Amino acid sequence: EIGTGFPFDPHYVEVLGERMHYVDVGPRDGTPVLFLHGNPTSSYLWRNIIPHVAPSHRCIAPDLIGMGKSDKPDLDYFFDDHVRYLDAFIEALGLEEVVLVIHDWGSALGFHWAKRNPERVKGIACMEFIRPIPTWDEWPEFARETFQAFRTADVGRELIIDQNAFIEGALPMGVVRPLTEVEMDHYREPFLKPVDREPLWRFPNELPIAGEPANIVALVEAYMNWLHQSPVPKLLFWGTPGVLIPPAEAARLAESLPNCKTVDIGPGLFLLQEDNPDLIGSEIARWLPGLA
Ligand SMILES: CCOc1c(C)cc(C)cc1CNc1nnn[nH]1
C-alpha cells in the first residue's frame, strides 16, 4: 500500500557536459519545491511524497550526478563534486526562489546551498540530516562496525564496490518495514556494475565522524551555525528510534532552531520516506501555504 511505482516522465538537462535526470511535475511556473535525495537513493525516494505537493506546486527532483538515471562521469564523487553539479543544475533550470525538501547528503547539499543563497530559500523541510558526529561512541552500535569498515580504503571498497554492500545491506537495514523486491530493484538499478559504485563508497567516507574528513566537518559546522541563526521556516520530520536524528536530538532542535515545527512520523530509521510517506507528504502540503 506504499506505492512501488514511479509514474513520472523523465526529464534531462545538460549540466557541465553531463545529462542529469529529474522529475518535473505540477504547475509549470511559480515557486518550486526542490527535492534532494541522499545516499544511496535517487528521486525514487520521493515518489510517494511528490503527489501530495504537486497539486499546488511545481515539484523538481533531480538524481544527483552519478546516481539514479543521471550520467556517470569518471569523478571522485567527493561531496564537493556533488555541490558543483547541483549548483549548476539549479542554474540550468534558471530556478530563483525555492522551497527545499531534503534528506541525508541531500540535506548537506540543501543546507550548504541555502547558507550560500539565503535570500532564495522560502522554507526547508528536512529529515535524518547530516550533523557532525563527535565520536564513534554516538554512532548506533547496530551499524557501528559496518560503517567503520565502510570507511577504509581496503575492506570498505571490497564491501561497497565489489560486494554492493551499501545497496544489498545498509539500504534495507535503514528502513523499518521490509522493502519489496520491486523497490529494491529500482534502487539497485543505477549500481548493477561494480564500476558504477564509486559514489556509494566515497559518500560514507565523507561523513563528519570524529573530526574527519576535516573539510566536511568545518563545512557542516558552518551550515549548522547558519541554521541556528536563520529565521527560515523549518519542518523537521523524525522517527523512532531514528538513526541520524534520534527523538532526543529532534526535541533539542525544536528549541534551538528558530521557526522550527517538528513532526513525529512513528517508527523510523534512516529512510523515513519508506516508512510513512503519507504523513510526510500531507504535512508538507499543510505547511506550504503558510510560507507565501
Ligand atoms: C546507522 C547507519 O545509518 C544508515 C543506514 C542504517 C542505512 C543507510 C542506507 C545509510 C545510513 C547512513 N547514511 C549515510 N552513510 N553514508 N551517506 N549517508
Side-chain angles (χ1 to χ4, degrees), residues 3-110 112-114 117 120-121 167 171 182-200 202-203 273 277 281:
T4 64
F6 191 73
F8 304 99
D9 297 330
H11 305 269
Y12 296 99
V13 60
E14 263 295 304
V15 178
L16 305 165
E18 311 291 327
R19 284 208 331 272
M20 291 186 39
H21 169 280
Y22 69 101
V23 172
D24 191 7
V25 293
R28 298 294 77 231
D29 55 23
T31 309
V33 185
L34 184 50
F35 296 81
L36 302 185
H37 71 85
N39 212 41
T41 50
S42 68
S43 60
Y44 189 77
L45 178 65
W46 307 109
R47 75 205 182 271
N48 293 319
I49 307 287
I50 288 157
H52 291 265
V53 184
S56 69
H57 275 83
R58 183 174 183 200
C59 295
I60 297 159
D63 292 337
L64 298 176
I65 186 77
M67 290 169 76
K69 289 175 161 291
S70 294
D71 268 6
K72 308 175 177 300
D74 181 34
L75 309 177
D76 287 318
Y77 292 103
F78 281 98
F79 170 83
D80 184 79
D81 294 314
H82 284 288
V83 170
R84 170 179 349 113
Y85 277 86
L86 175 65
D87 281 7
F89 166 85
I90 285 168
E91 303 305 303
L93 261 49
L95 301 185
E96 271 193 309
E97 300 168 276
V98 303
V99 176
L100 305 166
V101 175
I102 60 186
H103 176 261
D104 191 48
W105 277 109
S107 71
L109 288 169
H112 184 52
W113 189 89
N117 305 272
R120 305 169 57 178
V121 6
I167 294 292
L171 170 71
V182 173
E183 294 162 316
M184 290 290 282
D185 286 340
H186 280 277
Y187 284 129
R188 295 168 162 139
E189 207 180 324
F191 308 105
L192 290 175
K193 298 189 174 69
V195 321
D196 297 327
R197 296 165 192 162
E198 191 67 33
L200 295 197
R202 177 57 75 172
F203 261 176
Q273 307 87 348

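Computed over heavy atoms, backbone and side chain alike; hydrogens, waters and symmetry mates excluded. In this chain, residues are counted from 1 in sequence order.
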**Q** Side-chain donor-acceptor pairs under 3.5 Å in residues 13-22, sequence neighbours left out?
**A**
from: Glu14; atom 1: OE2; to: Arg19; atom 2: N; distance (Å): 3.3
from: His21; atom 1: ND1; to: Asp63; atom 2: OD2; distance (Å): 3.0

**Q** Between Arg197 and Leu192 (side chain of the first, backbone of the second, donor and acceptor by atom type, cut-off under 3.5 Å), is there such a pair?
**A** yes

**Q** I want to know whether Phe203 and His82 have ring centres closer than 6.0 Å.
**A** yes

**Q** Whether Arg47 engages the ring of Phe8 as a cation-pi pair (distance to the six-membered ring centre under 6.0 angstrom, angle to the ring normal within 45°) should be assessed.
**A** no

**Q** Examine distances only and state if a side-chain atom of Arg188 and a backbone atom of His186 form a donor-acceptor pair shorter than 3.5 Å.
**A** no

**Q** Checking the side chain of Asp185 only, and the main-chain atoms of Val182 only, is there a donor and an acceptor separated by less than 3.5 Å?
**A** no

**Q** So, for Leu36 and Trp46, which heavy atoms are closest and what is the spacing to 0.1 Å?
**A** O-CZ2, 3.4 Å

**Q** What residue pairs, at least two apart or across chains, pass side-chain hydrogen bond (donor to acceptor under 3.5 Å, both in side chains) with a residue in residues 49-59?
**A** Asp24-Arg58

**Q** Distance to the ring centre below 6.0 angstrom and angle to the axis at most 45 degrees; does that hold for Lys72 and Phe191?
**A** yes

**Q** I'd like to know if the side chain of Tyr187 and the backbone of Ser42 have a donor-acceptor N/O pair within less than 3.5 Å.
**A** no

**Q** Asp71: which residues meet the side-chain hydrogen bond (donor to acceptor under 3.5 Å, both in side chains) condition with it, sequence neighbours left out?
**A** none

**Q** Grab the two heavy atoms, one from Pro277 and one from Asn48, that are nearest each other, plus how far apart they are.
**A** CB-CB, 3.6 Å

**Q** Any side-chain heavy atom of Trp113 within less than 4.5 Å of one from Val121?
**A** yes

